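Student: Need coordinates for the below:
(one chain, ligands or ions: 1)
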Amino acid sequence: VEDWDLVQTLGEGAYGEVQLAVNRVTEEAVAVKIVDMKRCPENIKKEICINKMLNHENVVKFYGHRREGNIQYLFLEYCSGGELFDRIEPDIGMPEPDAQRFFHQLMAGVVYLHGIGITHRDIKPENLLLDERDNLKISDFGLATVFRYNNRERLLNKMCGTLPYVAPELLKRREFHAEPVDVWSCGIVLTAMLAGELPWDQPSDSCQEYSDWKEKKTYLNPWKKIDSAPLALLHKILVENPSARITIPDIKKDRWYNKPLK
Ligand SMILES: COc1cc(-c2ccc3c(-c4nc5ccccc5[nH]4)n[nH]c3c2)ccc1O
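Tutor: Numbering: from 1, shown residues only. The structure is reproduced below:
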């Protein structure tokens, strides 16, 4: 019951590759991430550490790890649904009720992380997975880190993530709060699900489409495909001042978030 077969590649990233593994006797399917420390022994130990803490229905499950010399194995829940990236149709997105359900489950997963004192740092559709029942789970904690410990919040100074998803403070400030950055990225993921495109390459004032958003020109692409209710929330998430920006408990009170659709 503990010997597996590497059936197929699933995601060939930088650190290595996620492979599908089927057990020979039970037929049990698991996802194994293969990280070679020779071809980083630091940011791999943090991923394992963080994973062992995590237990939640919107987070991809961690089963254990084997060491086999330098080949590190990450035994993780497999999601047969794939990446949410592949459910976004380019230039159109997806039906609004689907977007709302995936956004609820994303919020739930993120409240949980923010609750355990951890921040993901790289929320995007490629890091969001659907299982068999089409429920969304947050995957890839390779950039994740602790921002509260012993009930003391620590500010971040490392720049990381993916540029079209990254919050503007992360470019501007030397130090910043973790949670607002996560919130911002979820709001980009929403734009993605509802329009089928990203609003900008980065939120820098040297980016036209971002300047157009601060100027409230919601008469252009991205925003004119959205719809006034979900757009009203995006107005509260994609705020340049991290302190003014809506928090999660307040996203849960939002008109579109509580509108029946699905
Ligand atoms: C929860 O922590 C992690 C999860 C993953 C991870 C990445 C990908 C998958 C997959 C997966 N299922 C797929 C189906 C189709 C295409 C690609 C897929 N990747 N299932 N489970 C995963 C788990 C990787 C690193 C982590 O630190």
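
Student: Could you pull up phi and psi at residue 55?
Tutor: For residue 55, the backbone dihedrals (degrees, to the nearest 10) come out as phi -150, psi 100.

Student: Let me know the distance separating it from the ligand.
Tutor: To the ligand, residue 55 is 11 Å away according to Cβ to the nearest ligand atom, to the nearest Å. Every C-beta, even on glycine, is put in place using the N, C-alpha and C of the backbone.

Student: residue contacts, that residue?
Tutor: Shown in contact with residue 55 (Cβ atoms under 8 Å, 6 or more residues apart in numbering): residue 61.

Student: Show me the protein divided up by domain.
Tutor: 1-89, 90-262 (curated CATH domains).

Student: Of those domains, flag the one that's most buried.
Tutor: domain 90-262 (a mean of 17; mean count of other Cβ atoms under 10 Å).

Student: what residues are up against whichever residue of the stretch 151-262 of the chain sits closest to the ligand?
Tutor: Scanning the stretch 151-262 of the chain for proximity to the ligand using Cβ to the nearest ligand atom identifies residue 160 as nearest, at 14.5 Å. Neighbour list for residue 160: 121, 122, 143 [criterion: Cβ under 8 Å, 6+ apart].

Student: could I get those as a markdown table with distance to the ligand and secondary structure?
Tutor: Shown next, in a markdown table, are these (distance: Cβ to the nearest ligand atom, whole Å; DSSP: H, G, I helix; E, B strand; the rest coil):
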| residue | distance to the ligand | secondary structure |
| --- | --- | --- |
| 121 | 12 | coil |
| 122 | 11 | coil |
| 143 | 9 | coil |
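
Student: What is the nearest of the residues you listed to residue 231?
Tutor: The nearest member of the contacts of residue 160 to residue 231, counting by Cβ to Cβ, is residue 122 at 25.2 Å.

Student: For the residue of the stretch 51-200 of the chain found nearest the ligand, give me phi and psi.
Tutor: Residue of the stretch 51-200 of the chain nearest the ligand, by Cβ to the nearest ligand atom: residue 60 (3.4 Å). Taking degrees, to the nearest 10, you get phi -60, psi 130 for the backbone angles of residue 60.

Student: Surely residue 153 touches residue 146?
Tutor: No: if you go by Cβ atoms under 8 Å, residue 153 and residue 146 don't touch, sitting 10.2 Å apart.

Student: Would you tell me which residues of the stretch 101-250 of the chain are close to the ligand?
Tutor: Contacts of the stretch 101-250 of the chain with the ligand, taken as Cβ under 6 Å from any ligand atom, map to 129, 139, 140, 141, 142.

Student: Backbone dihedrals for the fourth one, please?
Tutor: Put plainly, it is residue 141. According to degrees, to the nearest 10, residue 141 has phi -100, psi 20.

Student: can you pull the contacts of it?
Tutor: The neighbours of residue 141, taking Cβ under 8 Å, 6+ apart as the test, are 47, 50, 51, 54, 120.

Student: Pretty sure the third one sits against residue 77.
Tutor: No: Residue 51 is beyond contact range of residue 77, at 10.6 Å (criterion: Cβ under 8 Å).

Student: Just want the most central residue of this structure.
Tutor: What sits nearest the mean C-alpha location of the chain, by Cα atoms, centre = their mean, is residue 123, with 2.3 Å.

Student: ok, and the nearest residue to that one once chain neighbours are set aside, which helix or strand is that part of?
Tutor: Using Cβ to Cβ, 6 or more residues apart in numbering and skipping residues adjacent in sequence, the residue nearest residue 123 is residue 185, 4.1 Å away. Using DSSP states H and E, residue 185 sits in helix 178-195.
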